Amino acid sequence: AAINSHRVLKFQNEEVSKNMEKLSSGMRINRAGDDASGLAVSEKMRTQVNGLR
Amino acid sequence: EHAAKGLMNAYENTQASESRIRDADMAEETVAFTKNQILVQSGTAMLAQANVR
Amino acid sequence: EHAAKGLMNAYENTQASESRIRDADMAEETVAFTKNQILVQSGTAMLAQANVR
């Protein structure tokens with residue numbers, strides 16, 4: 001059978017993709033999928049940042 | 001002449017109103033530019049790497 | 001001179017219209033290029049293998 005390397009290959013292709021998602025946006029969190037609560041908090045912070053201005 | 005002084009005070013204050021409503025602080029908007037330009041550049045680079053996947 | 005300002009606004013907007021109607025986002029078309037080029041290469045390789053059958 002293909003050895004675990006086909007796990008590694010697909011999984012690492014996915015880790016490469018996720019790494020790019022973060023780097024282009026400048027963020028740990030681009031989606032709720034990176035951190036749903038970090039996001040929910042930042043959305044609250046956004047109303048505070050924009051709300052305050 | 002009294003009336004003119006009254007009108008002049010309202011004038012200066014009304015002009016402050018237009019500036020306060022419309023005129024931005026160039027320093028902070030410039031900061032925003034710098035962040036956003038970096039994020040554009042990061043975008044370009046990560047798509048180049050995403051293409052490799 | 002007022003009329004010129006009106007004409008200038010319409011001008012800028014019309015030129016933005018042409019760009020929005022005709023000008024593509026090179027980043028996404030480049031993504032499409034890469035996908036299609038890979039599929040060309042895959043095509044050639046599988047015919048080489050199909051020849052073996």
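Structure data summary
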item: Condition check for A:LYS10: more than 10 Å from every other protein chain (Cβ to nearest Cβ), among the basic types (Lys, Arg) and surrounded by 11 or more Cβ atoms within 10 Å (Cβ to Cβ); result: no
item: Qualifying residue in region A:22-41 (condition: acidic (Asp, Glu), within 12 Å of another protein chain (Cβ to nearest Cβ), surrounded by 11 or more Cβ atoms within 10 Å (Cβ to Cβ) and outside any loop (DSSP other than H, G, I, E, B)); result: no
item: Of all residues making up region A:42-53, the number that are within 14 Å of chain B (Cβ to nearest Cβ), farther than 23 Å from B:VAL40 by Cα and assigned to a helix (DSSP H, G or I); result: 1
item: Residue, nearest to the chain's Cα centre (by Cα), within region B:15-53, restricted to residues that are away from chain A (no Cβ under 13 Å) and among the hydroxyl-bearing types (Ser, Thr, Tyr); result: B:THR30
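Any read-out appearing in this document is the output of simple, stated calculations on the displayed coordinates, not a laboratory observation. Please note: Cβ atoms are built from the backbone with ideal geometry, for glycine as well, and neighbour counts cover all protein chains shown.
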